[PDB]
Amino acid sequence: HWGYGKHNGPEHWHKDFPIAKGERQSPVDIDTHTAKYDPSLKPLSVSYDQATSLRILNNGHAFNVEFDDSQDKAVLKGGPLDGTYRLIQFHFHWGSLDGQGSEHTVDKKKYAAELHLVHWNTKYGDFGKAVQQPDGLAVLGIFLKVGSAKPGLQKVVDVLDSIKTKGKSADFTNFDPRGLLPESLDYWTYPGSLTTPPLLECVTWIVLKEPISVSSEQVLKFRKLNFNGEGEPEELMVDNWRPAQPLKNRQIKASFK
Ligand SMILES: [N]S(=O)(=O)[C][C][C]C1234B567B89%10B5%11%12B85%13B98%14B%1061B821B326B%115(B%12724)C%13%1416
Ligand SMILES: [Zn+2]
């Protein structure tokens with residue numbers, strides 16, 4: 001099966017998923033000098049007041065915080081988007097050390113981790129139909145640097161001991177993802193893909209410029225998770241990031257001067 005190792009990591013994925021070498025793959029390096037300010041881009045509208053988290057899951061690649069997406073509650077709109085995108089889950093990518101972990105890079109700078117809030121376009125009715133469309137998903141990406149603790153992250157950190165291994169889940173209700181957002185919603189945007197198999201080219205990426213700070217202790221708890229299932233040899237869940245892919249025929253647009 002695909003994963004993040006020497007034998008099954010990103011440089012192997014193209015064998016089972018040939019779109020890995022496609023024209024709109026993610027992540028990418030954001031060259032800040034080349035990204036053009038687009039005065040036509042709108043402010044991002046992040047409406048998470050009514051978000052209903054259900055559960056947290058270790059899927060063997062990351063942990064997913066899942067939301068009830070059966071109504072228009074938690075939605076992303078505006079920015080570069082046409083229409084309404086519903087929050088379905090968030091997860092992170094992180095490193096074995098603070099100098100790597102992010103998927104997007106900024107002038108080749110790697111952050112310690114990257115948060116992905118995944119949303120689907122309600123015009124396609126369900127997530128499985130949305131991923132078959134070039135405008136099916138919007139993923140809001142947020143960089144993590146190590147410094148001060150993020151108080152709004154601690155409820156996630158504290159539940160990880162209960163989902164150490166692949167296939168473990170835990171009730172995770174009433175988690176407010178507003179506590180994971182930075183102050184500024186300034187962003188870069190470009191058309192891309194899922195960054196894990198099946199690598200579908202269905203994503204409008206919205207990457208916030210301002211990182212959030214998390215503590216060394218918070219990210220060290222991410223690194224205690226396991227890729228393996230219960231009663232299997234321990235492989236620490238670290239370095240679950242895909243490197244930057246070729247930009248090809250794409251423009252990265254900035255919301256800000
Ligand atoms: N890094 S990313 O592009 O947000 C994709 C995250 C991984 C996935 B795979 B497939 B299943 B499904 B799609 B993809 B996104 B979560 B579940 B799992 C959803
Ligand atoms: Zn992701």
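Quick note: residue numbers are just sequence positions, from 1.
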### Task
Verify the neighbour count for atom CD of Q50: are there more than 12 heavy atoms of other residues, nucleotides or ligands below 6.0 Å?
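Check fails, neighbour count at 12 or below.
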
### Message
For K209, is the NZ atom crowded, meaning more than 12 foreign heavy atoms sit under 6.0 Å from it?
### Response
yes

Answer with yes or no whether the hydrophobic clustering places [X] together with [Y]; edges join I, L, V, M, F, W, Y residues whose side-chain heavy atoms lie under 4.5 Å apart.
{"X": "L220", "Y": "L144", "value": "no"}
{"X": "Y124", "Y": "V203", "value": "no"}
{"X": "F256", "Y": "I30", "value": "yes"}
{"X": "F172", "Y": "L57", "value": "no"}
{"X": "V139", "Y": "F127", "value": "yes"}

### Message
Do the side chains of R242 and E103 get close enough for a salt bridge, i.e. N-O under 4.0 angstrom?
### Response
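Salt bridge absent between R242 and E103.
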
### Task
Go through the steps to decide whether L137 and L200 satisfy the test side chain to side chain contact (heavy atoms under 4.5 Å, CB included), and finish with yes or no.
CA-CA 10 Å; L137 294 189; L200 295 171; over 6 Å; no

### Task
Quick one: do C202 and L194 satisfy side chain to side chain contact (heavy atoms under 4.5 Å, CB included)? Show the steps, please.
CA-CA 7 Å; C202 62; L194 305 175; 4.2 Å; yes

### Query
When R86 is tested against each of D72, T122, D69 for side chain to side chain donor-acceptor pair (under 3.5 Å), which residue passes?
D72

### Query
Any chance the rings of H104 and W188 have centres within less than 6.0 Å?
no

### Message
I'd like to know whether the aromatic ring centres of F175 and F67 sit less than 6.0 Å apart in this structure.
### Response
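For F175 and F67, the ring centres are not under 6.0 Å apart.
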
### Query
Taking all atoms of both residues into account, what is the closest heavy-atom pair of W241 and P10, and its distance?
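Heavy-atom minimum between the residues: O-CG, 4.3 Å.
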
### Query
Nearest 0.5 Å, what's the CD1-OG distance between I142 and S102?
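Answer for the CD1-OG pair, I142 versus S102, is 13.5 Å.
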
### Query
When rounded to the nearest 0.5 angstrom, what distance separates NZ in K221 from CD in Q154?
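Taking NZ in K221 and CD in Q154, the distance rounds to 6.0 Å.
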
Answer yes or no: is there a donor N or O on one side and an acceptor on the other, between the side chain of [X] and the main chain of [Y], under 3.5 Å?
{"X": "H93", "Y": "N240", "value": "yes"}
{"X": "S193", "Y": "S26", "value": "yes"}
{"X": "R24", "Y": "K248", "value": "no"}

### Message
Under 3.5 Å, is there a donor on one side chain and an acceptor on the other for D239 and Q100?
### Response
yes

### Query
Do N226 and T165 have side-chain atoms, one donor and one acceptor, less than 3.5 Å apart?
no

### Query
Could you walk me through whether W2 and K15 pass the side chain to side chain contact (heavy atoms under 4.5 Å, CB included) check?
CA-CA 10 Å; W2 73 265; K15 292 173 274 169; over 6 Å; no

### Query
Parallel, tilted or perpendicular for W13 and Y4, by the 30°/60° rule?
perpendicular

